[PDB]
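Asker: Line order of the protein sequences matches chains C and A.
Each position in the first sequence, counted from 1, maps to that position plus 47 in this note's numbering.
Each position in the second sequence, counted from 1, maps to that position plus 72 in this note's numbering.
Backbone N, C-alpha and C fix where the C-beta goes; we use that ideal spot for every residue, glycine too.
To start, I am sharing the structure in question, which I have written as structure tokens.
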Amino acid sequence: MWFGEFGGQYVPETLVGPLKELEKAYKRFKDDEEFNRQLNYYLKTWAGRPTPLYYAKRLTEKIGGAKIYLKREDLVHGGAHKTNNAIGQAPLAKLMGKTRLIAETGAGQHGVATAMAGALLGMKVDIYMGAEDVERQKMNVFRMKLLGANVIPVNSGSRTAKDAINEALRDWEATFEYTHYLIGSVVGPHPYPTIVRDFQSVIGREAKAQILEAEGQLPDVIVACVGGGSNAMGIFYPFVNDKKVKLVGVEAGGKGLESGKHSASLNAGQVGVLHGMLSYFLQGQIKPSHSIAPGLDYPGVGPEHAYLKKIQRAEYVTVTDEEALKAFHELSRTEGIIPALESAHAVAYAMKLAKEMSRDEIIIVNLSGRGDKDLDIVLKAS
Amino acid sequence: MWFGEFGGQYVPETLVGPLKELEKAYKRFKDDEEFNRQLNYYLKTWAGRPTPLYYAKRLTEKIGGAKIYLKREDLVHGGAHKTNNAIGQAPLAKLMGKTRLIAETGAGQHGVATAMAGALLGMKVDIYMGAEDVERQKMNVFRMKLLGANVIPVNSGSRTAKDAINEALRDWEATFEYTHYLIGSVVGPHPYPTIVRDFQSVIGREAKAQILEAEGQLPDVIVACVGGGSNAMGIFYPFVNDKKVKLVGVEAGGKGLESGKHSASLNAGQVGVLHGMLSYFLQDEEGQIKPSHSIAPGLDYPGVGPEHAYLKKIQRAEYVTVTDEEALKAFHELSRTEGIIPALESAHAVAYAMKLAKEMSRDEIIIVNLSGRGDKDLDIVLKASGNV
Ligand code: NA
Ligand code: NA
Numbered sequence: 048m049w050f051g052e053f054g055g056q057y058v059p060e061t062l063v064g065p066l067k068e069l070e071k072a073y074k075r076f077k078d079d080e081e082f083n084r085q086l087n088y089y090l091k092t093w094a095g096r097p098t099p100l101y102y103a104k105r106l107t108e109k110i111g112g113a114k115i116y117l118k119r120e121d122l123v124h125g126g127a128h129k130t131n132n133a134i135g136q137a138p139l140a141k142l143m144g145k146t147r148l149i150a151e152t153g154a155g156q157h158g159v160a161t162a163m164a165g166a167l168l169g170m171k172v173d174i175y176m177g178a179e180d181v182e183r184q185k186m187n188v189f190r191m192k193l194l195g196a197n198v199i200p201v202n203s204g205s206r207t208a209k210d211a212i213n214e215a216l217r218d219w220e221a222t223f224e225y226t227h228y229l230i231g232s233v234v235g236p237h238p239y240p241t242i243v244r245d246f247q248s249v250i251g252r253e254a255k256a257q258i259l260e261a262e263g264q265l266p267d268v269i270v271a272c273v274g275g276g277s278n279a280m281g282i283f284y285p286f287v288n289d290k291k292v293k294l295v296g297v298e299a300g301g302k303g304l305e306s307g308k309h310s311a312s313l314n315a316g317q318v319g320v321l322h323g324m325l326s327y328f329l330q331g332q333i334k335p336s337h338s339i340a341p342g343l344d345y346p347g348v349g350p351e352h353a354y355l356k357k358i359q360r361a362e363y364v365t366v367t368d369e370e371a372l373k374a375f376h377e378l379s380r381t382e383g384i385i386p387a388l389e390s391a392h393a394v395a396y397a398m399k400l401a402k403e404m405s406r407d408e409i410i411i412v413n414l415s416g417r418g419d420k421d422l423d424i425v426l427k428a429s
Numbered sequence: 073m074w075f076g077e078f079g080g081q082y083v084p085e086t087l088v089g090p091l092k093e094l095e096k097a098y099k100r101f102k103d104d105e106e107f108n109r110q111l112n113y114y115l116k117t118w119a120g121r122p123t124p125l126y127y128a129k130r131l132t133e134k135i136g137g138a139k140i141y142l143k144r145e146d147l148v149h150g151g152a153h154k155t156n157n158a159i160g161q162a163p164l165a166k167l168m169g170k171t172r173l174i175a176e177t178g179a180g181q182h183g184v185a186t187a188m189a190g191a192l193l194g195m196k197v198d199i200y201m202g203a204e205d206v207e208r209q210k211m212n213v214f215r216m217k218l219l220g221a222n223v224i225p226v227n228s229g230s231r232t233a234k235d236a237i238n239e240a241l242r243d244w245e246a247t248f249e250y251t252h253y254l255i256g257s258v259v260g261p262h263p264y265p266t267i268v269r270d271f272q273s274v275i276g277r278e279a280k281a282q283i284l285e286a287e288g289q290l291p292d293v294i295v296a297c298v299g300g301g302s303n304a305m306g307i308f309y310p311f312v313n314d315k316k317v318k319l320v321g322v323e324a325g326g327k328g329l330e331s332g333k334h335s336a337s338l339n340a341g342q343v344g345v346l347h348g349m350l351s352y353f354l355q356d357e358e359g360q361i362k363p364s365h366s367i368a369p370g371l372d373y374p375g376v377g378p379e380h381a382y383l384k385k386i387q388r389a390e391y392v393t394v395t396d397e398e399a400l401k402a403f404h405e406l407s408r409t410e411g412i413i414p415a416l417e418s419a420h421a422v423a424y425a426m427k428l429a430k431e432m433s434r435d436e437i438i439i440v441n442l443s444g445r446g447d448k449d450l451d452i453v454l455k456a457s458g459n460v
């Protein structure tokens, strides 16, 4: 329910029933042999798991310190770690007798991931998306329609992600009998933060096993970018108990901390209730965020990261638009891997951290996705 | 050098030393322990091999006939099988003491794959590309420059693939001391058709093991799309001695075979010489390579590998055509039905597999090589199909 004081289930009574039903359904299937046989089989044959753990040899020699490994989630079907979550939540919903999936999206990336999972399982999929987001993300919207999903633009208020979230809550409230709300990150009321993190944990369990095979030891640092925080928890969570591993989350520094134009909820937001959870967001009411990485452009952050920060298990830092962009070009030229701009934040801070560390130390960076979707954006910038 | 009567080494005398040195190095390293260790390590950690074999249940049942499995080359780093070849050849060139990679590309996908490999190995990369093809493929070209590669537009001839290949050939002739010419399909002068096939054979080796594991027997048919024939030879080759295994190569039918606007070299082409090989080519009454059309840019290659010409002669493999209309429907169909957006080249294979399974019985099996992912083609498909 909670992670320290963070988390919770602060929703209108109308949503309490649907949430307990989700929580009970999850408790039953989570460890179920048959449900896990279906999920591991989709992740293998359909999604491509396991993803490799890659030694960035040339980048490492260039900077001069720590060995840099990349967890290559960029190679997941769809090009983004979000697939892991969406393909876990979709079959679950079908086991509860749901014929429909809804979800909201800002950058369009969870939109794509959900439409894909829906196509696979033959469920209807409706995606809420602010009309201003729709215009900015022409290609993700087309991807969604290609996969057979309906994209409902929201043409009220600020016409942004905040307006789309609310419209999806009102929808689910009306249609939970047959509809599952497929939340995209480790946010929202219990049990979503836990469910999402459990479905992304596969990343860390593989990474863990892959670095023991390659180096004979656990890593010294694990770096990962943080929007809501699903890829970060995914890779962090199997190492939470291992005291020797530093966990570093990298939030979107945007145009700089002092400009207002960033998405550093943990580093600069205040605690509050939002989206049915107690955590950090930028604010009284939500204030707008910004990031060149569209997936990091979300006012809030996960309550389990809020917790890890409070108890100091994990450290959180920022990287600017300019820093991520240079790391986008760096990894491309030096390793032949074009990273998602979200992932480039992690890479950019890994590059800074490596410089100050010893040649015998080890950083693993969660390369949360590939850069193909971001080519237009980088072309306007450069 | 030969596959029956096709293949050969039809290049100026200047290129014969370079091609002997390449053949000598390949025979030295092909079975070398360390070379294969490093190659397999890259193919695993950098490219993401193995790729899974995926059962498309929903599609199979909708059609109501033979089983359809997709070999998921769309998941390889880069989005396409091409990477398998590029990461085979680039280290080989380095071990030969070369510091520069050059390459032809028409769709831009091979040039991207070449750029990625050169970036990894820290080699210079020059990509020759038809000026008309540069204009039609702005994101693949941006990808190449992002990767550190220089792109060199070709304004000679019809400014298409054919001309890029010749300019590539002319450059290598001058610079072969330091430059390896990274040929991107099972084409070119010997030893390239053999080499490229050998580096794509991994696909069929994985598929053979995976289908045995999944079904307890070999496939009844295997379907791959054919431009130059790289991905098809890759999946075909480890099954060629398995006599019962049908092999089907699907070529671009374009607007229709009777329209001339297509790219079906094996079905409608004549025997000729181009690119330093003897194989099948699309040409007119006066011998010149005719322009090739397909909605799938990677099947614009105006000829085909000599080994496919050989397999067609001895009727080991069958070769068919599929139209733009048909491939485009398969692209939509696979996206809705399996949530996998295929490359338009691969959608040719799927389209044929969908036609073939319907006629076959429910206990027969078809492996389709899903050669690439469709992200690169979305601008094309939105223009063709429309903004829904
Ligand atoms: Na945030
Ligand atoms: Na052809």
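Along chain C, which residues have their Cβ under 8 Å away from the Cβ of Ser407/A?
Answerer: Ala166, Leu193, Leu194, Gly195
Asker: Judging by CA-CA distance, which residue of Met324/C, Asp419/C, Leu148/C is the nearest neighbour of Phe223/C?
Answerer: With distances taken between Cα atoms, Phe223/C lies closest to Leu148/C.
Asker: Would you list the residues sitting across from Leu350/A in a DSSP beta bridge?
Answerer: Per DSSP, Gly79/A, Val345/A.
Asker: On the CB-based measure, 16 or more other CB atoms within 10 Å of its CB, does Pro346/C come out buried or exposed?
Answerer: buried
Asker: For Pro124/A, would you say it is in contact with chain C, using Cβ-to-Cβ distances shorter than 8 Å as the test?
Answerer: yes
Asker: Quick one: which residues of the segment 77-96 of chain C get their C-beta closer than 7 Å to a C-beta of chain A? List them in chain order.
Answerer: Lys91, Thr92, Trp93, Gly95
Asker: Just to confirm the assignment, what range does the beta strand (DSSP E) spanning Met176/C have?
Answerer: 171-177
Asker: Any chance the segment 400-415 of chain C sits against the segment 107-116 of chain C, with 3 or more Cβ pairs inside 8 Å?
Answerer: The segment 400-415 of chain C, when compared against the segment 107-116 of chain C, does touch it at the 8 Å Cβ threshold.
Asker: Hey, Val268/C and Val295/C: beta-carbon distance below 8 Å or not?
Answerer: Yes; because the gap between Cβ atoms is below 8 Å, this pair is in contact.
Asker: So the candidates are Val392/A, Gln355/A, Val258/A, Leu406/A; which of them puts its Cα closest to the Cα of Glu379/A?
Answerer: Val258/A
Asker: Can you find the residues in the same chain that come closer than 8 Å, C-beta to C-beta, to residue 18/A, ignoring five residues on each side of it along the sequence?
Answerer: Limits of chain A in this structure are 73 at one end and 460 at the other, which puts residue 18/A out of reach.
Asker: Please list the terminal residues of the continuous alpha helix (DSSP H) segment that includes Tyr88/C.
Answerer: 80-89
Asker: What's the C-alpha gap between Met170/C and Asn197/C?
Answerer: 12 Å
Asker: Check whether the Cβ of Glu417/A lies closer than 7 Å to any heavy atom of ligand 2, and answer yes or no.
Answerer: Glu417/A: no, Cβ never under 7 Å from ligand 2.
Asker: To be precise: take each residue of the segment 405-429 of chain A, compare its Cβ to all Cβ atoms of chain C, and keep it if any distance is under 8 Å. Which residues remain?
Answerer: Taking 8 Å as the Cβ-Cβ cut-off against chain C, the residues of the segment 405-429 of chain A that qualify are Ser407, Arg408, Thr409, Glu410, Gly411, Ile412, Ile413.
Asker: How many Å lie between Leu400/C and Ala140/C at the Cα?
Answerer: 41 Å
Asker: Roughly how many angstroms lie between the CA atoms of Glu398/A and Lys96/A, to the nearest whole one?
Answerer: 44 Å
Asker: May I ask you to report which of helix, strand or coil DSSP gives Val270/C?
Answerer: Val270/C: strand per DSSP, three-state reduction.
Asker: Do the segment 232-252 of chain A and the segment 272-288 of chain A make contact, defined as three or more Cβ pairs closer than 8 Å?
Answerer: Touching, no, given that fewer than three Cβ pairs across the two stretches are closer than 8 Å.
Asker: Expressed to the nearest angstrom, what Euclidean distance is found between the alpha-carbon atoms of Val188/C and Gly155/C?
Answerer: 7 Å
Asker: Consider the Cβ of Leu414/C: report whether some Cβ of chain A lies at a distance smaller than 8 Å.
Answerer: No, because no Cβ of chain A sits closer than 8 Å to the Cβ of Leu414/C.
Asker: Determine whether the Cβ of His227/C lies closer than 8 Å to any Cβ atom of chain A.
Answerer: no
Asker: Determine the direct distance from the alpha carbon of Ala423/A to that of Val273/C, and round the result to whole angstroms.
Answerer: Computed Cα separation, rounded: 41 Å.
Asker: Give the list of continuous beta strand (DSSP E) stretches no shorter than 3 residues that lie fully inside the segment 217-291 of chain A.
Answerer: 222-226, 251-253
Asker: Please identify the residue among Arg183/C, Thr161/C, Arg206/C, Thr207/C whose C-alpha is closest to the C-alpha of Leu193/C.
Answerer: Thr161/C
Asker: Taking the DSSP output, what are the residues bridged to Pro414/A?
Answerer: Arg445/A
Asker: Taking the runs of the beta strand (DSSP E) that are 3 residues or longer, which of them lie wholly in the segment 162-194 of chain A?
Answerer: 172-177
Asker: For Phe75/A, tell me which candidate among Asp243/A, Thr266/A, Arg242/A, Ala368/A has the shortest Cα-Cα distance.
Answerer: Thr266/A
Asker: Should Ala103/C and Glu382/C be called a contact, given that it needs their Cβ atoms to be closer than 8 Å?
Answerer: yes
Asker: Considering only the beta carbon of each residue, do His182/A and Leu122/C sit closer than 8 Å?
Answerer: no
Asker: When the Cα atoms are used, what is the spatial distance from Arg269/A to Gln161/A?
Answerer: 12 Å
Asker: Could you name the residues of the same chain whose beta carbon sits closer than 8 Å to that of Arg208/A, not counting the 5 residues immediately before and after it, in chain order?
Answerer: Result list for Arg208/A: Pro369, in chain order.
Asker: Using only the alpha-carbon positions, how far apart do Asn108/A and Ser338/C sit?
Answerer: 43 Å
Asker: Where does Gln342/A land, buried or exposed, given buried means 16+ other C-beta within 10 angstroms?
Answerer: exposed
Asker: Taking only beta-carbon positions, decide if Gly263/C is within less than 8 Å of chain A.
Answerer: no
Asker: Out of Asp198/A, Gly202/A, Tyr309/A, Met349/A, point me to the one whose CA is closest to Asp372/A's CA.
Answerer: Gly202/A
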